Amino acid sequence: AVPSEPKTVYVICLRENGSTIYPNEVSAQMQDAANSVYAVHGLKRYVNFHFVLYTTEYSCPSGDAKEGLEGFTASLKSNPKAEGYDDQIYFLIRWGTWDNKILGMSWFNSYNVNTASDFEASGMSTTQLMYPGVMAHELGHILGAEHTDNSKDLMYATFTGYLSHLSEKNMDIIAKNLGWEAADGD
């Protein structure tokens, strides 16, 4: 059912070494990401995200996005600041994009409140203001959401600028991975 208290889950957003991030731009990504989840199935009853904005010594070896994320997730496993928090959610953030204007990446279906471990729930996101909702889309993937046929959904495969989950399938998956059950209502 509804838990006795919302679970504290940290979303730890690490500025890539060498990147320059701007405050309003990163704030927009983090608030859009938080709101995209809280808007679903009354999820503030189940989770209160602490978005943490910090830094990392890691930088992607190139513009190769898959290489970049594989290296970022590995870097977390021996990052002394992240010790004891292998069950949280992590984003590497930069100003620009990756090769061919890739906007972000994520490990799909990598966070569940019961099994989270080993820094598996991790991804990367641009923060440029012209790409609202990228972190929210990647967080959706981390929570198990798949691409949708509806082009007005946050989880359309193509960037559209939209910010909200519309797919009932995705909303059920995301909420289930955060402890929700259908009998709980919204």
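Start at 1 with the first residue shown and count on from there.
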Mean temperature factor over C-alpha atoms, higher-scoring stretch between 86 to 94 and 110 to 118
110 to 118
Averaged over C-alpha atoms, is the B-factor higher for 133 to 141 or for 37 to 45 in this PDB entry?
37 to 45
Taking the values exactly as deposited, rank residue 163 by C-alpha B-factor within its chain and report the matching third: lowest, middle or highest.
middle
Could you look up the Cα B-factor of residue 64 in the entry and say which third of the chain it sits in: lowest, middle or highest?
middle
If you rank the chain by CA B-factor, which third does residue 149 end up in: lowest, middle or highest?
highest
Comparing against every modelled residue in the chain, figure out the third that the C-alpha B-factor of residue 173 lands in (lowest, middle or highest).
highest
